[PDB]
Amino acid sequence: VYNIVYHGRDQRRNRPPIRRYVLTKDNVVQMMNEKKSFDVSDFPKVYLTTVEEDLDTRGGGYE
Amino acid sequence: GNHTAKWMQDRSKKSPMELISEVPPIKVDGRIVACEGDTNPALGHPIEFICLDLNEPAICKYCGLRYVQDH
Amino acid sequence: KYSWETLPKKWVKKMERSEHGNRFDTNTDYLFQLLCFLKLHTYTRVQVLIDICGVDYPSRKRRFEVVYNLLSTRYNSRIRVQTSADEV
Amino acid sequence: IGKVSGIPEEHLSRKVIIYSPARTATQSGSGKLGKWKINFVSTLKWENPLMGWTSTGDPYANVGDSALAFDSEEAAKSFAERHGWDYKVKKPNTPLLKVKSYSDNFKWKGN
Amino acid sequence: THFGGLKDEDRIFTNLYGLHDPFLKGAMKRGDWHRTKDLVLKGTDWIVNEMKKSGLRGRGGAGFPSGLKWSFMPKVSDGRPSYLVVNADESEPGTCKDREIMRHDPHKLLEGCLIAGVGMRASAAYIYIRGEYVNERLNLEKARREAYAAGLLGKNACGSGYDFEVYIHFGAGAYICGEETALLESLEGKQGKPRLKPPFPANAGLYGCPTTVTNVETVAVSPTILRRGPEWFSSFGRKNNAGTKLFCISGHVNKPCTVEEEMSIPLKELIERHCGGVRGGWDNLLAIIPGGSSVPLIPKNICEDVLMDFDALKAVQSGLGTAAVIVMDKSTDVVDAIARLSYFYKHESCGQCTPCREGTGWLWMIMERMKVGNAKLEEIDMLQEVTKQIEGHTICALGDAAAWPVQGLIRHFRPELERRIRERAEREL
Amino acid sequence: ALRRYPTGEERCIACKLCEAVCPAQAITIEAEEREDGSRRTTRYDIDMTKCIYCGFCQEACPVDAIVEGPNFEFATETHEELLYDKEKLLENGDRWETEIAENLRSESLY
Amino acid sequence: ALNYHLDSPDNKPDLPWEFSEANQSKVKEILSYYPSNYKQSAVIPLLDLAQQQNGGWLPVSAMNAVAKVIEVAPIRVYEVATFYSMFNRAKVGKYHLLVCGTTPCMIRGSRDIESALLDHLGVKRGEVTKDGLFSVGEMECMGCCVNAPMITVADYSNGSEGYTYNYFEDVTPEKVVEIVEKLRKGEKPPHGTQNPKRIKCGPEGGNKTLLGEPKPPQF
Amino acid sequence: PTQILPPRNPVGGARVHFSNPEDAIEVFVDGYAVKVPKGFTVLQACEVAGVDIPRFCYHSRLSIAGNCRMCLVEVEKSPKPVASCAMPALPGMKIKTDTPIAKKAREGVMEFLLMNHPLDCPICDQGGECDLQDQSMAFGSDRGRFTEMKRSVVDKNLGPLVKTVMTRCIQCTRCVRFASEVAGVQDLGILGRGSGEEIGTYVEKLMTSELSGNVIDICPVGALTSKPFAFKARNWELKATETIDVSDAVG
Ligand SMILES: Cc1cc2nc3c(=O)[nH]c(=O)nc-3n(C[C@H](O)[C@H](O)[C@H](O)COP(=O)(O)O)c2cc1C
Ligand code: SF4
Ligand code: SF4
Ligand code: SF4
Ligand code: SF4
Ligand code: SF4
Ligand code: FES
Ligand code: FES
Ligand SMILES: [Zn+2]
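Residues numbered from 1 in each chain as written, not as in the entry; some residues may be left out. Chains lettered and ligands numbered in written order. Part of a larger assembly, values for the part shown. Heavy atoms only, no water.

For this deposition, the record names cryo-EM as the technique by which the model was determined and cites 3.7 Å as its resolution.

So this is what it looks like as structure tokens:
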């Protein structure tokens, strides 16, 4: 209320600028050679969701 | 009036210009007034501070009300 | 992102973003081939074309930009492959 | 790309003006410059006689200003030449940043 | 060492209290105009060098090292006749040390005009008397007519080959016009609105011609600095700060007086010795504004052992301005006093720049609320932040001079402000 | 309904904020310095048919000049009547002021 | 104090106004100080001279005459006349007692000085008395600070001749009312410290520093 | 790493006029060197760098002023935010226009300007086209702590062209400079000091000068507005055509 400094509170404009840098063939062949192996944890995790029958057990039917 | 003759074709109910030019100017103490609106600062216009240095009444632009110095 | 390492570099031709939803602005020729990838792939399984958003930039040379959204119900991620094709 | 664009014939013989809107003289701020806009003259606007409001007949009334703004005279000219309009590009008049300093207000008028 | 003791033969401003004749036949007896012909003949570079060697700092609020300031003036004259505006105008609250040089030995001020003029290659001196000093500028015009009739000033500087004439301008009641970059304009005829610093007065000041604005006390000790020893002058005060400031013990002292005394003097020693003592004893002291009004307070717990020199008072989170020490005892409403100071800075603010023009009326409104207690405990942090919004941004240091009293009041007597606010709260409900 | 100040004088100073905020561009406002000198709208015509009743005009208006009266019962036999004229039919809010002033006095807390 | 002009029969740009004799010479001298051009520099002294000549206030005709004498557009003279505080633009009577009001006076009873002076005279703050003689006007720091409470009179009775801007300092309510009565009786009270036992700007018990006879120090 | 920096062309395509290609001073605007001729104020050294520094009284045609401090960029080694409008670019000077000190200085000043300023934006003729509104909505703070009695000023009669509401006017002095310099008639003035500052003729004096209707475009605030265009329209309704004029042969 009495501390109206804005640039700290700002959200619209208080963001890092877009860093659009070009990759040339050298960079990507370097990256492909650097990627030696796809060990586990270099793989996207699965969104695990199984179904399970439940009648009214959550809270006892009372929420 | 003539401006008020553009939107009002009734010409029997008093034109708003006259309804505001017939209300007396409000005496006050200082050199600046508030005129927040009718009475409730949230149901009137944005508060408009008027200067009363002149002798003639200084109208509030938003509400037409008039204020005089009352020294 | 895993998807950029495996993907043939040529397929993500022009651009690539890294926030507000990641995108692979590709070329129109490699598009359905790129859409063949990210689907029918074990570690990138989208299977769900959410949306195909035409976007028109008159000041570009390739006016339109056919923004293919893609959801991955398996890995719970969303990729936005784009293109660029003018009026003809 | 004028014929495939579905625009009616009578609106592809239109004469446009590819200007760059000058800065609004009232406000000294350049945040709306450099956005070249085609200007379909679209002068024909009468007054619908029932109510006081106006009433255009040209389809290209507003889109010249609204939502159709390029970023360079080359892109705007390429656009107005694809569609087959007779564009007359009106160059933007830009300001000279003439050198000026504070200490010139307190200049000495010799004697 | 241990400073403070200045013997009556070491006070530069003799006839301060107007006991003896101020004009000629009364000034030559006090050594004024003694051998200025030799000094002018000793040259300009020698004068600047001896002023720098004497370590004389600015007697005015700026505190800049004089002499070094006089070396800023151009050496080769490119057609612009270098001027010398003397800042006689003070208008700082508390400051009468100028009022005792314009009258009561003004010939020191005129001889200083001449010696600094030959010092900084000047060609005319415009003693900008404060507007209200009507009797003072009448005495000074009398002494100027004298020094003109005695061949001291005008077409030959005291018989020497230097053409130097002193003209006496006088403003009209404006503390703002007193500023260095605003003196030049208020004297140029325009309003007393400061100019921005990128054109410095030494480069393009009065009439665009180069000039340096000097307070009367700095320009007026210049003669006796040169005639006596620059080593003798620098033998007073601490290492950097050196000289004999002319103080003005202003308020709430049982014997208020302006008295010349060595710099680096303990503030308590000055109070207890010369002006008597803080009304009701030193234990009755509440706060002290050590400089003029452009300086934060001293809450009496760092006022016992603080020295009235630029460096120490700057190190105590305050400033030594015109050294117009304003003393306030436990009986005053210190928040009301600082509210009246902020009202002063609201009144005497030429309004040229937005941070001061508006924020000073704002500071006055917040102070006239907090002196009753109408504020909220977080406004004391708005007031600090408002002052820090005013401080660095204004054209001249008046923005500072208006943010500093309130900043010091907050920093020191925040307990008292908070107490007034809480007492207002409990008064309600 | 275009509100009025208790002492006559249409509350609608012609800022054109509601004409700007209107999503459907229903409100057409033309302004003229009246002889009294205080700005007012020579033409304040809301086109109710071209209007989405979203209350943006009530929010955007600075002085609460335009408000939506709880009427909602104004089905008109002919379309031309449904176009609410320049400050004459929206000036019928004076009848609805007794309810509009109540709703505003109770909503202004939000 | 308005920062603009409201015409009046006493004060309007129609009225002819020009520096009287015994003041044209002062005008010529004041203009002689400053160079041929840049004579605008002399707007403060010329305006103060016009204020002294017209009995204490600056009519618009006076500012126009100063502008003609000084050769700038009258707006620049108007700008300087409204800026500087000493220039009264409405009549302040014959004396215009200026009582300082800054902190070094406020803490030393200057509010009581002003209140006593006001209730004795009977004017709000700056209104001129029905007698047309006196008027009170607050002024910021007047320099007279160690002389703790002060009151400056601006004798506008004669005009540019008997114009005395006296400093009555170290005053008290009784001293102030005495000064005002002795002023309305015609005579000129002795200015300076209204409190003996102290020399001007002195330590109130006899000065403690400047005692030895002045003499040329060892140069 | 093979980045793509934006072009960073001047602020409005402003042609930069070197008096000679030798005295080009090189200053750093946000760590991006720009070559500006000798004598360019920091504001122009930034308008060469595409950085648009918010200015209230600095007009390129008019003289340079410090009547407000809305620009206050922070140069590298100065103790206080320098007003960009008057600080001449020195070679090697590092201008940081968006550093927290610069942004806090801008917010500070835009609070002072909106402090004694009346809430006339709805009834202000220049409501949409306003430097004060568009600098508050872009560089000034989102909230105002001033809750007291704003100062108010009577409306001066400046003729049948310039409607004047000096309460809105921020006393940036731009018009009193335009009438003294470009219009050259010298009728407007900054009468008084402090917040009591009032812009206009001290005696009722219609601006007899032609070319003095442009003070409205000069004015960064509604205060000075076209009385003929009293309120008839808004900054957004007006469809603009870049036509020419035929009244006088200057074209
Ligand atoms: C806020 C402020 C207050 C000032 N007060 C005074 C003053 O009381 N007396 C004075 O002679 N000059 C005053 N000046 C002007 C200069 O700061 C400085 O005192 C003068 O130009 C040169 O004095 P010096 O040579 O002793 O440093 C003031 C300037 C500012 C910005
Ligand atoms: S507003 Fe303050 S800093 Fe700016 S010129 Fe006036 S007194 Fe100086
Ligand atoms: S509710 Fe109001 S703003 Fe919205 S469309 Fe209807 S008239 Fe326009
Ligand atoms: S109804 Fe509200 S927004 Fe529309 S013109 Fe009137 S005051 Fe402005
Ligand atoms: S100039 Fe007018 S529109 Fe702009 S902020 Fe001030 S009152 Fe509002
Ligand atoms: S009237 Fe307009 S141009 Fe003149 S000072 Fe005020 S805001 Fe600036
Ligand atoms: S207190 Fe400052 S002069 Fe009287
Ligand atoms: S416009 Fe450059 S600081 Fe005021
Ligand atoms: Zn109102």
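## Concerning the overall build of chain H
Counting secondary structure elements, chain H contains five helices and nine strands. The C-alpha radius of gyration of chain H comes to 20 Å, within 12% of the 18 Å expected for a compact globule of 251 residues. In terms of overall dimensions, chain H has C-alpha extents of about 60 × 55 × 35 Å along its principal axes. Expressed as a percentage of the 251 residues in chain H, the buried residues total 59%. When contacts within chain H are restricted to residue pairs at least 6 apart in sequence, those whose partners lie at least 24 apart make up 62%. (Helix = DSSP H or I, 4+ residues; strand = E, 2+ residues; numbered from the N terminus. Rg over C-alpha atoms; globule rule 2.2 N^0.38 Å. Buried < 20%, exposed > 50% of the residue type's maximum accessible area, 1.4 Å probe, protein only. Contact = heavy atoms within 4.5 Å.)

## Remarks on the packing of aromatic side chains
In total, this model carries 42 aromatic pairs over all chains according to the counting rule given. Consider the rings of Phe38(A) and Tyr2(C), whose centres lie 5.6 Å apart with planes at 75°: the pair is edge-to-face. With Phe38(A) in the segment after α1 (25–34) and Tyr2(C) in helix α1 (residues 2–6), this pair bridges two chains. For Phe38(A), a relative accessible area of 30% corresponds to the partly exposed category. By relative accessible area, which is 11% here, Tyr2(C) ends up buried. Between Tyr167(E) and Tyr33(G), the ring centres sit 5.9 Å apart and the planes meet at 40°, which makes this aromatic pair tilted. Residue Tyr167(E) is found in strand β3 (residues 165–170), and its partner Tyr33(G) is found in helix α1 (residues 24–33); the two belong to separate chains. Each member of the pair, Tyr167(E) as well as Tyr33(G), is classed as buried. Pairwise contacts between aromatic rings join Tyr83(E), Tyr126(E), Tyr167(E), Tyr207(E), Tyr33(G), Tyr34(G) and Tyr38(G) into one cluster. The ring of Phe247(E) is capped by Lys245(E), whose NZ or CZ atom sits 5.7 Å from the centre of that ring. (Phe/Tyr/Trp six-rings, centres within 6.5 Å; stacked < 30°, edge-to-face > 60°. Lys NZ or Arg CZ within 6 Å of the ring centre and 35° of its normal.)

## Some words on the sheet that holds β3(E)
Residue and element names in this part refer to chain E. Read across the open sheet, the four strands follow the order β3-β2-β1-β4; overall the sheet is parallel. Lying at the two open borders of the sheet, with one neighbouring strand each, are β3 and β4 (214–215). Against the sheet, helix α6 (residues 180–188) makes contact with β1 (83–87), β2 (124–129) and β3, and its axis sits at roughly 105° relative to β1, the strand it touches most. (Pairing = 2+ DSSP bridges. Axes fitted to C-alpha atoms, helices over the stretch in contact; angles between N-to-C directions.)

## Quick look at the interface of chain G and chain E
The partner chain E presents 82 residues to the 63 residues of chain G that form the contact. If you sort the residues of chain G by the area they bury against chain E, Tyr33(G), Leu210(G) and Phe219(G) come out on top, with a joint share of 12%. The interface formed by chain G and chain E contains four salt bridges. For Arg340(E), the salt bridge identified is with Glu140(G), shortest N-O distance 2.6 Å. (Buried area = accessible area lost by both parts, 1.4 Å probe. Salt bridge = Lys/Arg side-chain N within 4 Å of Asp/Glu carboxyl O.)

## Overview of the coordination of the zinc ion (ligand 9)
All names here are of chain B. Distances from the zinc ion (ligand 9) to its protein donors, namely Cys35 (SG), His45 (NE2) and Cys60 (SG), fall within the range 1.9 to 2.3 Å. Going along the chain, you hit the donors of the zinc ion (ligand 9) in the pattern C-x9-H-x14-C. One end of the pair, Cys35, is in the loop between β2 (32–33) and β3 (50–51); the other, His45, is in the loop between β2 and β3, and 10 residues separate them in sequence. Exposure remark for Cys35: the relative accessible area of 6% places this residue in the buried category. Under the relative-accessibility criterion, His45 is labelled buried at 2%. (Donors = N, O, S within 2.8 Å, 3.2 Å for Na, K, Ca; no water.)

## Examining the site of ligand 1
Residues and elements named next belong to chain E. Neighbouring residues of ligand 1: 23 residues in total, closest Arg59, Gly60, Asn87, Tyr175 and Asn215. At 3.5 Å from an oxygen atom of ligand 1 is found a main-chain nitrogen or oxygen belonging to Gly61. Side-chain polar atom of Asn87 to a nitrogen atom of ligand 1: 2.8 Å apart, as the coordinates give it. Notes on ligand 1: free accessible area 610 Å², of which the protein chains cover 95%. (Near = heavy atom within 4 Å. Polar contact = N/O pair within 3.5 Å; in protein donor to acceptor, adjacent residues only side chain to side chain. Areas by Shrake-Rupley, 256 points an atom, 1.4 Å probe, with all protein chains shown as cover.)

## What to know about the pattern of salt bridges
Residues and elements named next belong to chain E. Scanning all chains against the criterion turns up 87 salt bridges over all chains. For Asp105, the salt bridge identified is with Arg30, shortest N-O distance 3.5 Å. With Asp105 in the loop between α3 (99–102) and α4 (107–119) and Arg30 in the segment before α1 (36–42), this pair connects stretches of sequence that are 75 residues apart. For the pair formed by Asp105 and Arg30, the shared burial category is buried. Close ionic contact of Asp333 with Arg420 constitutes a salt bridge, the shortest N to O distance being 2.6 Å. Taken together, the residues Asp333 in the loop between β6 (326–329) and α12 (334–347) and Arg420 in helix α15 (residues 398–427) connect sequence positions 87 residues apart. Exposure remark for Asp333: the relative accessible area of 24% places this residue in the partly exposed category. Through salt bridges that share partners, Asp333, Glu416, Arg419, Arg420, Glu423 and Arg427 make up one connected network.

## Some points on the packing of helix α2 (residues 44–53) of chain E against helix α8 (residues 216–227) of chain E
Residues and elements named next belong to chain E. At their nearest, the axes of α2 and α8 sit 10 Å apart, and the two run at 95° to each other. If you check the angle between α2 and α8, you find them roughly perpendicular. Only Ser222, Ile225 and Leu226 of α8 make contact with α2, whose side of the interface consists of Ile47, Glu50 and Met51. A breakdown of the residues in the contact of α2 with α8 according to their chemical character gives four nonpolar, one polar and one charged. (Parallel < 35°, antiparallel > 145°, perpendicular 65-115°, else oblique. Nonpolar A, V, L, I, M, F, W, Y, C, P; charged D, E, K, R; others polar.)

## Side note on empty space enclosed by the protein
Enumeration over the complete set of coordinates arrives at five cavities of 30 Å³ or more. Of the pockets and cavities examined, the largest cavity occupies roughly 100 Å³. Lining the largest cavity are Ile176(E), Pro194(E), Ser349(E), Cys350(E), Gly351(E), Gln352(E), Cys353(E), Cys356(E), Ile395(E), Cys396(E) and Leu398(E). One number sums up the size of the second largest cavity: a volume of about 90 Å³. If you trace the second largest cavity, you find 14 residues lining it, with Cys169(H), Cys172(H), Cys175(H), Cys219(H) and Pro220(H) closest to the centre. (1 Å grid on protein atoms, 1.4 Å probe; cavity = no way out; pocket = protein on both sides within 12 Å on 5 of 7 lines; lining within 4 Å. Points joined across faces, edges and corners; volume = space filled by probe spheres on them.)

## Remarks on the interface of chain H and chain F
Counting residues at the interface gives 12 residues for chain H, matched by 12 residues for chain F. Taken together, both faces of the contact between chain H and chain F bury some 1,000 Å²; the carbon and sulfur share is 62%. Broken down residue by residue, the surface that chain H buries against chain F is led by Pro122(H), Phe231(H) and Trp236(H), which jointly contribute 50%. On inspection of chain H and its partner chain F, the count reaches one salt bridge.

## Some words on a nonpolar patch on the surface
A cluster of nonpolar side chains, contributed by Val88(C), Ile1(D) and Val4(D), occupies part of the molecular surface with about 280 Å² of accessible area. Mapped onto the elements, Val88(C) comes out in the segment after β4 (77–82). Given the relative accessible area of 67%, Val88(C) is considered exposed. (Patch = residues over 30% accessible without salt bridge, like charges linked within 9 Å, V, L, I, M, F, W, Y side chains within 5 Å.)

## Regarding the packing of helix α2 (residues 43–53) of chain G against helix α3 (residues 60–70) of chain G
All names here are of chain G. With their axes 10 Å apart at the nearest point, α2 and α3 run at an angle of 140° to one another. Classified by the angle their axes make, α2 and α3 are oblique. With respect to the hand of their crossing, α2 and α3 are arranged in right-handed fashion. Of the residues in α3, those touching α2 at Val43, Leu46, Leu47 and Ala50 are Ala62, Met63, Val66, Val69 and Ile70. Across the contact of α2 with α3, the residue classes tally to nine nonpolar, no polar and no charged. (Left-handed = near helix turned anticlockwise from the far one by under 90°.)

## Examining the sheet that holds β4(C)
Residues and elements named next belong to chain C. The strand order β1-β4-β3-β2 describes an open sheet built from four strands, whose pairing is mixed. The open sheet is flanked by β1 (22–25) and β2 (47–53), the only strands paired with a single partner. The average undirected angle you get between the axes of adjacent strands in this sheet is 25°. Direction of pairing for β2 relative to strand β3 (residues 67–72): antiparallel, over a ladder of five bridges. Paired with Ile52 across the two strands is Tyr68, which belongs to β3.

## Let's talk about the arrangement of the chains
Here 15 pairs of chains are in contact, and chains E and G lead that list by number of contacts. The two partners chain C and chain E share no contact, and the minimum distance between any of their C-alpha atoms is 37 Å. Between chain A and chain F there is no contact; the minimum C-alpha to C-alpha separation amounts to 18 Å.

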